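Novice: build me a model from this:
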Amino acid sequence: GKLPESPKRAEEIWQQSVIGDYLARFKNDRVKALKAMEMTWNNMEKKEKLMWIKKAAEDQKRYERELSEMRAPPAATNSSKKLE
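Specialist: Numbering: from 1, shown residues only. Below you will find the coordinate block:
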C-alpha cells in the first residue's frame with residue numbers, strides 16, 4: 001500500500017490524546033507531557049499499556065487499509081481479493 005497513515009496503537013492513541021492537553025498546560029511542556037503520559041502508562045501495567053495499543057490498533061486499521069488497498073487493488077480483488 002501506502003502511507004496513509006499509521007497510528008501507533010499505544011503511543012499514538014494516547015499520546016495524541018493527552019499530549020495535546022499536556023503540551024497545552026505549559027504551552028510546550030512536552031517534557032512533562034511525555035512523562036506524565038509515559039509514566040502514567042507504565043505505572044498502570046497491561047491495563048493501560050495493552051489497551052492503549054488497541055485503541056490506536058483498532059484505529060490503525062483504517063489506515064492499514066489505506067495502504068494495503070493500494071495494494072490491495074485486490075489485497076482489494078485478488079487477497080486482496082474482498083477475497084473472501
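Novice: how close does residue 63 get to residue 20?
Specialist: Distance, residue 63 to residue 20, using C-beta to C-beta, to the nearest Å: 19 Å. Every residue, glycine included, has its C-beta placed from N, CA and C.
Novice: of the two, which one has the most company?
Specialist: Taking neighbours as other C-beta atoms under 10 Å, residue 63 and residue 20 compare with residue 63 leading, 18 against 10.
Novice: which SSE is that one in?
Specialist: Using DSSP states H and E, residue 63 maps to helix 48-70.
Novice: check which residues of that helix are buried.
Specialist: Neighbour-count burial for helix 48-70 flags 48, 51-53, 55-57, 59-60, 63-68 (criterion: 16 or more other C-beta atoms under 10 Å).
Novice: who's in contact with it?
Specialist: If you take C-beta atoms under 8 Å, 6 or more residues apart in numbering as the criterion, helix 48-70 is touched by 1-14, 40-42, 72, 75-76, 79-80.
Novice: mind redoing it with 7 Å?
Specialist: With contacts defined as C-beta atoms under 7 Å, 6 or more residues apart in numbering, helix 48-70 is touched by 1-10, 12-14, 41-42, 75-76, 80.
Novice: which residue packs closest to residue 33, ignoring adjacent ones?
Specialist: The shortest distance from residue 33 to any non-neighbouring residue, by C-beta to C-beta, 6 or more residues apart in numbering, is to residue 22 (3.1 Å).
Novice: gap between residue 56 and residue 26?
Specialist: For residue 56, the distance to residue 26 - C-beta to C-beta - is 25 Å.
Novice: so what does residue 6 look like in phi/psi?
Specialist: Residue 6 adopts backbone torsions of phi 130, psi 70, taken as degrees, to the nearest 10.
Novice: and it, how many neighbours does it have?
Specialist: Applying other C-beta under 10 Å, I find that residue 6 has 13 neighbouring residues.
Novice: which non-adjacent residue is nearest it?
Specialist: residue 63 (6.0 Å).
Novice: next one: residue 81
Specialist: residue 74 is the one closest to residue 81 (C-beta to C-beta, 6+ apart), at 5.4 Å.
Novice: ok, that neighbour touching residue 84?
Specialist: No. Taking contacts as C-beta atoms under 7 Å, residue 74 lies outside contact range of residue 84: 10.8 Å.
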